[PDB]
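**Student:** One file is attached below, model.cif, containing mmCIF, C-alpha atoms (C1' of nucleotides); chains and numbers go by the auth columns.
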data_target
loop_
_atom_site.group_PDB
_atom_site.id
_atom_site.type_symbol
_atom_site.label_atom_id
_atom_site.label_comp_id
_atom_site.label_asym_id
_atom_site.label_seq_id
_atom_site.Cartn_x
_atom_site.Cartn_y
_atom_site.Cartn_z
_atom_site.B_iso_or_equiv
_atom_site.auth_seq_id
_atom_site.auth_asym_id
ATOM 1 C CA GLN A 1 -15.792 -39.475 35.339 0.00 1 L
ATOM 2 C CA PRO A 2 -14.931 -36.599 32.996 0.00 2 L
ATOM 3 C CA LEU A 3 -15.342 -32.952 33.805 0.00 3 L
ATOM 4 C CA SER A 4 -18.545 -31.216 32.921 0.00 4 L
ATOM 5 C CA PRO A 5 -18.350 -28.589 30.124 0.00 5 L
ATOM 6 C CA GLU A 6 -19.076 -25.798 32.679 0.00 6 L
ATOM 7 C CA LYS A 7 -15.679 -26.183 34.290 0.00 7 L
ATOM 8 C CA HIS A 8 -14.241 -26.385 30.786 0.00 8 L
ATOM 9 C CA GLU A 9 -15.228 -22.877 29.835 0.00 9 L
ATOM 10 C CA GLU A 10 -14.691 -21.412 33.373 0.00 10 L
ATOM 11 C CA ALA A 11 -11.220 -22.847 32.842 0.00 11 L
ATOM 12 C CA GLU A 12 -11.302 -21.275 29.366 0.00 12 L
ATOM 13 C CA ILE A 13 -12.136 -17.839 30.810 0.00 13 L
ATOM 14 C CA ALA A 14 -9.625 -18.040 33.591 0.00 14 L
ATOM 15 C CA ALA A 15 -7.057 -19.125 31.035 0.00 15 L
ATOM 16 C CA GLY A 16 -7.891 -16.235 28.714 0.00 16 L
ATOM 17 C CA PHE A 17 -7.371 -13.882 31.634 0.00 17 L
ATOM 18 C CA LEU A 18 -4.017 -15.444 32.560 0.00 18 L
ATOM 19 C CA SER A 19 -2.828 -15.588 28.954 0.00 19 L
ATOM 20 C CA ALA A 20 -3.623 -11.852 28.956 0.00 20 L
ATOM 21 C CA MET A 21 -1.064 -11.245 31.736 0.00 21 L
ATOM 22 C CA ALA A 22 1.234 -14.224 30.962 0.00 22 L
ATOM 23 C CA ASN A 23 3.977 -12.199 29.304 0.00 23 L
ATOM 24 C CA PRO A 24 6.978 -10.374 30.827 0.00 24 L
ATOM 25 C CA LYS A 25 6.605 -6.932 29.199 0.00 25 L
ATOM 26 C CA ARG A 26 2.852 -7.141 29.793 0.00 26 L
ATOM 27 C CA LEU A 27 3.398 -7.797 33.517 0.00 27 L
ATOM 28 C CA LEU A 28 5.799 -4.844 33.724 0.00 28 L
ATOM 29 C CA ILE A 29 3.062 -2.807 32.087 0.00 29 L
ATOM 30 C CA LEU A 30 0.286 -3.978 34.409 0.00 30 L
ATOM 31 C CA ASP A 31 2.450 -3.316 37.469 0.00 31 L
ATOM 32 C CA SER A 32 3.317 0.254 36.436 0.00 32 L
ATOM 33 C CA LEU A 33 -0.303 1.020 35.402 0.00 33 L
ATOM 34 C CA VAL A 34 -1.953 -0.537 38.425 0.00 34 L
ATOM 35 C CA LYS A 35 0.019 1.919 40.508 0.00 35 L
ATOM 36 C CA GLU A 36 -0.052 5.084 38.412 0.00 36 L
ATOM 37 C CA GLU A 37 -1.642 6.492 35.261 0.00 37 L
ATOM 38 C CA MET A 38 0.723 7.366 32.508 0.00 38 L
ATOM 39 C CA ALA A 39 0.958 8.273 28.882 0.00 39 L
ATOM 40 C CA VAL A 40 1.836 5.643 26.323 0.00 40 L
ATOM 41 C CA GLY A 41 5.169 7.216 25.334 0.00 41 L
ATOM 42 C CA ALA A 42 6.349 7.360 28.931 0.00 42 L
ATOM 43 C CA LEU A 43 5.249 3.727 29.296 0.00 43 L
ATOM 44 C CA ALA A 44 7.125 2.554 26.216 0.00 44 L
ATOM 45 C CA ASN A 45 10.253 4.219 27.511 0.00 45 L
ATOM 46 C CA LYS A 46 9.746 2.716 30.951 0.00 46 L
ATOM 47 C CA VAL A 47 9.311 -0.897 29.865 0.00 47 L
ATOM 48 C CA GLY A 48 11.657 -0.715 26.867 0.00 48 L
ATOM 49 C CA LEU A 49 9.251 -1.144 23.985 0.00 49 L
ATOM 50 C CA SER A 50 8.914 0.495 20.603 0.00 50 L
ATOM 51 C CA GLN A 51 5.679 2.474 20.299 0.00 51 L
ATOM 52 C CA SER A 52 3.976 -0.011 17.954 0.00 52 L
ATOM 53 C CA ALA A 53 5.006 -3.027 20.116 0.00 53 L
ATOM 54 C CA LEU A 54 3.573 -1.392 23.227 0.00 54 L
ATOM 55 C CA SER A 55 0.393 -0.370 21.452 0.00 55 L
ATOM 56 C CA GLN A 56 -0.192 -4.008 20.536 0.00 56 L
ATOM 57 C CA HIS A 57 0.363 -5.254 24.083 0.00 57 L
ATOM 58 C CA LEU A 58 -1.998 -2.615 25.416 0.00 58 L
ATOM 59 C CA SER A 59 -4.520 -3.733 22.810 0.00 59 L
ATOM 60 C CA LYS A 60 -4.387 -7.226 24.250 0.00 60 L
ATOM 61 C CA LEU A 61 -4.872 -5.827 27.754 0.00 61 L
ATOM 62 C CA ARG A 62 -7.880 -3.772 26.675 0.00 62 L
ATOM 63 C CA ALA A 63 -9.145 -6.898 24.954 0.00 63 L
ATOM 64 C CA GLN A 64 -9.433 -8.560 28.346 0.00 64 L
ATOM 65 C CA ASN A 65 -10.737 -5.393 30.089 0.00 65 L
ATOM 66 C CA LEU A 66 -7.672 -5.153 32.313 0.00 66 L
ATOM 67 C CA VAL A 67 -6.920 -1.471 31.693 0.00 67 L
ATOM 68 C CA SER A 68 -8.851 1.767 31.159 0.00 68 L
ATOM 69 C CA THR A 69 -7.937 4.852 29.065 0.00 69 L
ATOM 70 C CA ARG A 70 -8.419 8.589 29.356 0.00 70 L
ATOM 71 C CA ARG A 71 -7.987 11.200 26.726 0.00 71 L
ATOM 72 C CA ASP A 72 -6.287 14.547 27.113 0.00 72 L
ATOM 73 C CA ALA A 73 -6.266 16.008 23.621 0.00 73 L
ATOM 74 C CA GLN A 74 -3.491 14.294 21.650 0.00 74 L
ATOM 75 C CA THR A 75 -2.321 12.144 24.595 0.00 75 L
ATOM 76 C CA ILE A 76 -3.922 8.920 25.965 0.00 76 L
ATOM 77 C CA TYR A 77 -3.396 7.976 29.599 0.00 77 L
ATOM 78 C CA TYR A 78 -3.600 4.330 30.552 0.00 78 L
ATOM 79 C CA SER A 79 -4.395 2.915 34.004 0.00 79 L
ATOM 80 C CA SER A 80 -5.852 -0.193 35.700 0.00 80 L
ATOM 81 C CA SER A 81 -8.605 -1.005 38.243 0.00 81 L
ATOM 82 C CA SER A 82 -9.469 -4.603 37.328 0.00 82 L
ATOM 83 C CA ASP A 83 -8.586 -6.060 40.691 0.00 83 L
ATOM 84 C CA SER A 84 -8.481 -9.526 39.170 0.00 84 L
ATOM 85 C CA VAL A 85 -5.149 -8.172 38.086 0.00 85 L
ATOM 86 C CA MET A 86 -3.917 -6.992 41.397 0.00 86 L
ATOM 87 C CA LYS A 87 -5.007 -10.234 43.091 0.00 87 L
ATOM 88 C CA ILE A 88 -2.658 -11.933 40.656 0.00 88 L
ATOM 89 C CA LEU A 89 0.171 -9.442 41.187 0.00 89 L
ATOM 90 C CA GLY A 90 -0.309 -9.835 44.911 0.00 90 L
ATOM 91 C CA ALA A 91 -0.004 -13.599 44.645 0.00 91 L
ATOM 92 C CA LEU A 92 3.021 -13.221 42.421 0.00 92 L
ATOM 93 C CA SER A 93 4.894 -10.853 44.781 0.00 93 L
ATOM 94 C CA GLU A 94 4.048 -13.284 47.625 0.00 94 L
ATOM 95 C CA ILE A 95 5.772 -15.979 45.577 0.00 95 L
ATOM 96 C CA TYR A 96 8.962 -14.094 44.570 0.00 96 L
ATOM 97 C CA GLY A 97 9.134 -11.408 47.311 0.00 97 L
ATOM 98 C CA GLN B 1 13.756 6.619 33.830 0.00 1 P
ATOM 99 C CA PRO B 2 13.435 3.049 32.366 0.00 2 P
ATOM 100 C CA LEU B 3 12.929 -0.139 34.383 0.00 3 P
ATOM 101 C CA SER B 4 16.115 -1.820 35.495 0.00 4 P
ATOM 102 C CA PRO B 5 17.137 -5.010 33.610 0.00 5 P
ATOM 103 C CA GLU B 6 16.365 -7.069 36.739 0.00 6 P
ATOM 104 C CA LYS B 7 12.596 -6.408 36.693 0.00 7 P
ATOM 105 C CA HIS B 8 12.856 -7.444 33.067 0.00 8 P
ATOM 106 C CA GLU B 9 13.838 -10.902 34.190 0.00 9 P
ATOM 107 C CA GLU B 10 11.840 -11.311 37.443 0.00 10 P
ATOM 108 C CA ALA B 11 9.006 -10.366 35.043 0.00 11 P
ATOM 109 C CA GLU B 12 10.319 -13.028 32.626 0.00 12 P
ATOM 110 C CA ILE B 13 10.443 -15.648 35.402 0.00 13 P
ATOM 111 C CA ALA B 14 6.994 -14.857 36.745 0.00 14 P
ATOM 112 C CA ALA B 15 5.794 -14.870 33.158 0.00 15 P
ATOM 113 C CA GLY B 16 7.273 -18.265 32.439 0.00 16 P
ATOM 114 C CA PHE B 17 5.570 -19.521 35.547 0.00 17 P
ATOM 115 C CA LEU B 18 2.232 -18.045 34.529 0.00 18 P
ATOM 116 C CA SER B 19 2.470 -19.157 30.915 0.00 19 P
ATOM 117 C CA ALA B 20 2.990 -22.677 32.278 0.00 20 P
ATOM 118 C CA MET B 21 -0.497 -22.556 33.730 0.00 21 P
ATOM 119 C CA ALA B 22 -2.148 -20.210 31.216 0.00 22 P
ATOM 120 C CA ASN B 23 -4.090 -22.814 29.205 0.00 23 P
ATOM 121 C CA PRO B 24 -7.561 -24.102 30.081 0.00 24 P
ATOM 122 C CA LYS B 25 -6.814 -27.850 30.120 0.00 25 P
ATOM 123 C CA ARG B 26 -3.575 -27.183 31.993 0.00 26 P
ATOM 124 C CA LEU B 27 -5.634 -25.481 34.804 0.00 27 P
ATOM 125 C CA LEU B 28 -8.122 -28.358 34.932 0.00 28 P
ATOM 126 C CA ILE B 29 -5.076 -30.544 35.219 0.00 29 P
ATOM 127 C CA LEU B 30 -3.373 -28.452 37.820 0.00 30 P
ATOM 128 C CA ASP B 31 -6.466 -28.319 40.000 0.00 31 P
ATOM 129 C CA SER B 32 -7.089 -32.020 39.823 0.00 32 P
ATOM 130 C CA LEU B 33 -3.412 -32.641 40.673 0.00 33 P
ATOM 131 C CA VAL B 34 -3.329 -29.967 43.380 0.00 34 P
ATOM 132 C CA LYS B 35 -4.286 -32.671 45.456 0.00 35 P
ATOM 133 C CA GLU B 36 -4.954 -36.146 44.525 0.00 36 P
ATOM 134 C CA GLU B 37 -2.530 -38.495 42.977 0.00 37 P
ATOM 135 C CA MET B 38 -3.791 -39.888 39.753 0.00 38 P
ATOM 136 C CA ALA B 39 -2.635 -41.861 36.743 0.00 39 P
ATOM 137 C CA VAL B 40 -1.708 -40.204 33.502 0.00 40 P
ATOM 138 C CA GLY B 41 -4.469 -42.089 31.727 0.00 41 P
ATOM 139 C CA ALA B 42 -7.031 -41.180 34.391 0.00 42 P
ATOM 140 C CA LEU B 43 -6.154 -37.523 33.991 0.00 43 P
ATOM 141 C CA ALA B 44 -6.461 -37.825 30.257 0.00 44 P
ATOM 142 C CA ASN B 45 -9.998 -39.089 30.637 0.00 45 P
ATOM 143 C CA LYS B 46 -10.947 -36.428 33.172 0.00 46 P
ATOM 144 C CA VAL B 47 -9.902 -33.395 31.118 0.00 47 P
ATOM 145 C CA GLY B 48 -10.727 -34.966 27.750 0.00 48 P
ATOM 146 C CA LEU B 49 -7.203 -35.069 26.311 0.00 49 P
ATOM 147 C CA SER B 50 -5.354 -37.750 24.310 0.00 50 P
ATOM 148 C CA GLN B 51 -2.694 -39.733 26.135 0.00 51 P
ATOM 149 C CA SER B 52 -0.052 -37.960 24.016 0.00 52 P
ATOM 150 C CA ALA B 53 -1.474 -34.402 24.272 0.00 53 P
ATOM 151 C CA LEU B 54 -1.681 -34.740 28.042 0.00 54 P
ATOM 152 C CA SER B 55 1.819 -36.100 28.367 0.00 55 P
ATOM 153 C CA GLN B 56 2.964 -32.951 26.595 0.00 56 P
ATOM 154 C CA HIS B 57 0.992 -30.634 28.867 0.00 57 P
ATOM 155 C CA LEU B 58 2.393 -32.413 31.926 0.00 58 P
ATOM 156 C CA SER B 59 5.839 -31.916 30.487 0.00 59 P
ATOM 157 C CA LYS B 60 5.223 -28.215 30.220 0.00 60 P
ATOM 158 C CA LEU B 61 4.195 -28.295 33.868 0.00 61 P
ATOM 159 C CA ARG B 62 7.299 -30.236 34.843 0.00 62 P
ATOM 160 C CA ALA B 63 9.253 -27.664 32.948 0.00 63 P
ATOM 161 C CA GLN B 64 8.290 -25.096 35.519 0.00 64 P
ATOM 162 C CA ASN B 65 8.530 -27.542 38.464 0.00 65 P
ATOM 163 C CA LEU B 66 4.864 -27.477 39.086 0.00 66 P
ATOM 164 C CA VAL B 67 4.201 -31.186 39.587 0.00 67 P
ATOM 165 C CA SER B 68 5.653 -34.176 41.377 0.00 68 P
ATOM 166 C CA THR B 69 5.448 -37.871 40.446 0.00 69 P
ATOM 167 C CA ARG B 70 5.730 -41.418 41.754 0.00 70 P
ATOM 168 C CA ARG B 71 6.054 -44.680 39.842 0.00 71 P
ATOM 169 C CA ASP B 72 4.003 -47.842 40.493 0.00 72 P
ATOM 170 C CA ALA B 73 5.300 -50.325 37.891 0.00 73 P
ATOM 171 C CA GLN B 74 4.250 -49.014 34.479 0.00 74 P
ATOM 172 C CA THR B 75 1.881 -46.444 36.002 0.00 75 P
ATOM 173 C CA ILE B 76 2.931 -42.887 36.784 0.00 76 P
ATOM 174 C CA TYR B 77 1.085 -40.942 39.455 0.00 77 P
ATOM 175 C CA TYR B 78 1.217 -37.219 39.136 0.00 78 P
ATOM 176 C CA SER B 79 0.374 -34.731 41.848 0.00 79 P
ATOM 177 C CA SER B 80 1.074 -31.096 42.573 0.00 80 P
ATOM 178 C CA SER B 81 2.461 -29.677 45.771 0.00 81 P
ATOM 179 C CA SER B 82 3.822 -26.484 44.259 0.00 82 P
ATOM 180 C CA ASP B 83 2.327 -23.871 46.482 0.00 83 P
ATOM 181 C CA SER B 84 2.893 -21.194 43.864 0.00 84 P
ATOM 182 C CA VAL B 85 0.410 -23.153 41.805 0.00 85 P
ATOM 183 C CA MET B 86 -2.219 -23.278 44.438 0.00 86 P
ATOM 184 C CA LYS B 87 -2.031 -19.638 45.526 0.00 87 P
ATOM 185 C CA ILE B 88 -2.636 -18.660 41.910 0.00 88 P
ATOM 186 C CA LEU B 89 -5.509 -21.104 42.183 0.00 89 P
ATOM 187 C CA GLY B 90 -6.609 -19.257 45.327 0.00 90 P
ATOM 188 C CA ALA B 91 -6.611 -15.962 43.479 0.00 91 P
ATOM 189 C CA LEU B 92 -8.616 -17.551 40.713 0.00 92 P
ATOM 190 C CA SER B 93 -11.288 -18.914 43.012 0.00 93 P
ATOM 191 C CA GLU B 94 -11.479 -15.529 44.797 0.00 94 P
ATOM 192 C CA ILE B 95 -12.023 -13.845 41.486 0.00 95 P
ATOM 193 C CA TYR B 96 -14.679 -16.240 40.146 0.00 96 P
ATOM 194 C CA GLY B 97 -16.712 -17.078 43.286 0.00 97 P
ATOM 195 C "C1'" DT C 1 -1.585 6.971 18.603 0.00 1 R
ATOM 196 C "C1'" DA C 2 -3.607 2.560 16.664 0.00 2 R
ATOM 197 C "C1'" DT C 3 -3.310 -0.817 12.682 0.00 3 R
ATOM 198 C "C1'" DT C 4 -1.377 -3.839 9.448 0.00 4 R
ATOM 199 C "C1'" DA C 5 1.724 -7.339 7.167 0.00 5 R
ATOM 200 C "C1'" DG C 6 5.448 -10.214 7.573 0.00 6 R
ATOM 201 C "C1'" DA C 7 9.136 -13.305 9.631 0.00 7 R
ATOM 202 C "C1'" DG C 8 10.415 -16.508 12.940 0.00 8 R
ATOM 203 C "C1'" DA C 9 9.402 -18.916 16.664 0.00 9 R
ATOM 204 C "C1'" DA C 10 6.232 -21.141 20.144 0.00 10 R
ATOM 205 C "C1'" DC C 11 1.967 -23.359 20.832 0.00 11 R
ATOM 206 C "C1'" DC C 12 -1.252 -27.495 20.796 0.00 12 R
ATOM 207 C "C1'" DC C 13 -3.181 -30.889 18.507 0.00 13 R
ATOM 208 C "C1'" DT C 14 -2.740 -35.935 15.743 0.00 14 R
ATOM 209 C "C1'" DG C 15 -0.890 -40.061 15.001 0.00 15 R
ATOM 210 C "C1'" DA C 16 3.502 -42.920 14.611 0.00 16 R
ATOM 211 C "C1'" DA C 17 7.697 -44.582 16.965 0.00 17 R
ATOM 212 C "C1'" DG C 18 10.533 -45.184 21.539 0.00 18 R
ATOM 213 C "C1'" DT C 19 11.059 -46.385 26.372 0.00 19 R
ATOM 214 C "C1'" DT C 20 10.225 -48.883 30.479 0.00 20 R
ATOM 215 C "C1'" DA C 21 8.109 -52.448 33.428 0.00 21 R
ATOM 216 C "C1'" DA C 22 5.290 -56.700 33.926 0.00 22 R
ATOM 217 C "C1'" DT D 1 4.315 -60.081 23.489 0.00 1 H
ATOM 218 C "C1'" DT D 2 0.929 -56.171 26.462 0.00 2 H
ATOM 219 C "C1'" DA D 3 0.391 -51.826 29.167 0.00 3 H
ATOM 220 C "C1'" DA D 4 1.279 -47.212 30.641 0.00 4 H
ATOM 221 C "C1'" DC D 5 3.832 -43.351 29.354 0.00 5 H
ATOM 222 C "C1'" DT D 6 6.721 -40.419 26.699 0.00 6 H
ATOM 223 C "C1'" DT D 7 8.737 -38.438 22.816 0.00 7 H
ATOM 224 C "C1'" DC D 8 9.170 -37.620 17.835 0.00 8 H
ATOM 225 C "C1'" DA D 9 7.311 -35.662 13.435 0.00 9 H
ATOM 226 C "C1'" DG D 10 3.960 -33.154 11.105 0.00 10 H
ATOM 227 C "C1'" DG D 11 1.255 -29.247 10.445 0.00 11 H
ATOM 228 C "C1'" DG D 12 -2.236 -25.693 11.477 0.00 12 H
ATOM 229 C "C1'" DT D 13 -2.644 -21.742 14.779 0.00 13 H
ATOM 230 C "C1'" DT D 14 -1.008 -18.110 17.690 0.00 14 H
ATOM 231 C "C1'" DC D 15 2.418 -14.965 19.590 0.00 15 H
ATOM 232 C "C1'" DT D 16 5.472 -10.626 19.257 0.00 16 H
ATOM 233 C "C1'" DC D 17 8.549 -8.337 17.274 0.00 17 H
ATOM 234 C "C1'" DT D 18 9.931 -4.848 13.096 0.00 18 H
ATOM 235 C "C1'" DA D 19 8.786 -1.814 9.048 0.00 19 H
ATOM 236 C "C1'" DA D 20 5.716 1.251 7.164 0.00 20 H
ATOM 237 C "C1'" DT D 21 11.556 4.174 0.360 0.00 21 H
#
Rewrite the structure from the file as structure tokens, please.

**Tutor:**
Amino acid sequence: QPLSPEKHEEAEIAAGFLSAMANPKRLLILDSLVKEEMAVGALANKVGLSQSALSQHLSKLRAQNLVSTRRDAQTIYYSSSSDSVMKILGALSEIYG
Amino acid sequence: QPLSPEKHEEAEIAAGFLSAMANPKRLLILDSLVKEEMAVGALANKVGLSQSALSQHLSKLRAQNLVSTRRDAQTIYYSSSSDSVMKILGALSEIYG
DNA sequence: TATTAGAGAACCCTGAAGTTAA
DNA sequence: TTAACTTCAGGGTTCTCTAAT
């Protein structure tokens, strides 16, 4: 008998989360930021993205509450403590390690 | 210093993997298949998907080698024994209760 | 820095046509 | 022919880049 709507939107929510990290540059980003804070320019040069490209990706990450931000004058420092994230990265490294 | 080209593609491979299961109905599907054989039609009625839509989702799953199958006459029984699949499922359950 | 618009491609449906086995 | 699937064809929606003289 079909699935109840409750496991439809829990699936929806889980899927929104995954879609948030289901992209190569975005995974590079989450890995680097889960293990150290850094400025956006440094990040763009680390993961090989133009500044605008990277800003958009980060916007998607913020959209799912997967990163936080800190301001030092002109510069913005990104980092991550959503451990949903690092459960997924853990699983992933287990898989390809 | 930038990230080496290799973490660009292990990130791409992981990301392909994740994209394959980054869709609500595709997680309902994966769970259900993660262990019980059932018919393509049966699946379609459990996750509320047309016979055609579902066949396409299952193809996207096959694309990443996430499901196995056996044939009983006309009927096709899908299952999943990809452990990658089910550890990401583990992470998900850990995250959401 | 974040934001926008645009191109080109991928996504995910619907509903018609193909394939395979009884 | 019928049944269970799959694929094709289409179109609306969503991604992710570049350009911003």

**Student:** Nearest to residue 14 (chain H) among R:21, R:12, R:6, R:1, with distances taken over only C-alpha atoms (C1' of nucleotides): which residue is it?

**Tutor:** R:12

**Student:** Care to translate the PyMOL selection byres ((chain H) within 10 of (chain P)) into actual residues of this file, as number ranges by chain?

**Tutor:** H: 3-7

**Student:** How would the residues just chosen look if you wrote them out with C-alpha atoms (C1' of nucleotides) as an mmCIF file, in the frame of the given file?

**Tutor:**
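Result file is result_29.cif:
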data_model
loop_
_atom_site.group_PDB
_atom_site.id
_atom_site.type_symbol
_atom_site.label_atom_id
_atom_site.label_comp_id
_atom_site.auth_asym_id
_atom_site.auth_seq_id
_atom_site.Cartn_x
_atom_site.Cartn_y
_atom_site.Cartn_z
ATOM 1 C "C1'" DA H 3 0.391 -51.826 29.167
ATOM 2 C "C1'" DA H 4 1.279 -47.212 30.641
ATOM 3 C "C1'" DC H 5 3.832 -43.351 29.354
ATOM 4 C "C1'" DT H 6 6.721 -40.419 26.699
ATOM 5 C "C1'" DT H 7 8.737 -38.438 22.816
#

**Student:** I need the chain L residues near chain P as an NGL selection string; criterion: at most 6 Å, counting all atoms listed in the file.

**Tutor:** :L and (2-3 or 11-12 or 15 or 18-19 or 22-24 or 45-47 or 87)

**Student:** Using the chain letters and numbers from this file, what does the PyMOL selection byres ((chain R) within 12 of (chain L)) select? Give the answer as a PyMOL selection string.

**Tutor:** chain R and resi 1-4

**Student:** Could you check how far CA of residue 36 (chain P) sits from CA of residue 81 (chain P), in Å to one decimal?

**Tutor:** 9.9 Å
